């Protein structure tokens, strides 16, 4: 009967879909359904398993593992980014301390430059007044002879 065959194909088809969802291993019974509706009862070899889309894991196991990978990869990158941001924060505070110390260096350099200029002007005046006094003395001596 054609109803006997249809029930047989349906069992085999439901069985195979179940293995796609829940997986299979070497030795486990697998059914191959022909275009002619001919059902072949085989046993999954190491080849069938190794060269399967998910290597006999099944859709449920793969999706569960993928969910684990997605979350693990997010935790891992979130912590790498938090590390880099902390390094950036420490470089910012150090660069701010460097700029502050340079501003102090400039203020000290400017006070040193100004003191040098004042000393130079004070020496120039003193040298001019000394020259004038020595010249006056020489003239009093050059006259007294």
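Residue numbers count along the first chain shown, from 1.
Higher-scoring stretch by recorded Cα B factor average, 128-136 or 19-27: The stretch with the larger average C-alpha B-factor is 19-27.
Looking at the entry, does 28-36 or 60-68 show the higher mean C-alpha B-factor? On average, C-alpha B-factors are higher across 28-36.
Among the candidates 119, 44, 108, 101, give the one with the maximum CA B-factor reported in the record. Of the options given, 44 has the highest CA B-factor in the PDB entry.
Among the chain's modelled residues, which third holds the C-alpha B-factor of residue 91? Residue 91: CA B-factor falls in the middle third of its chain.
Please place residue 115 in the lowest, middle or highest third of its chain according to the CA B-factor in the PDB entry. Lowest third.
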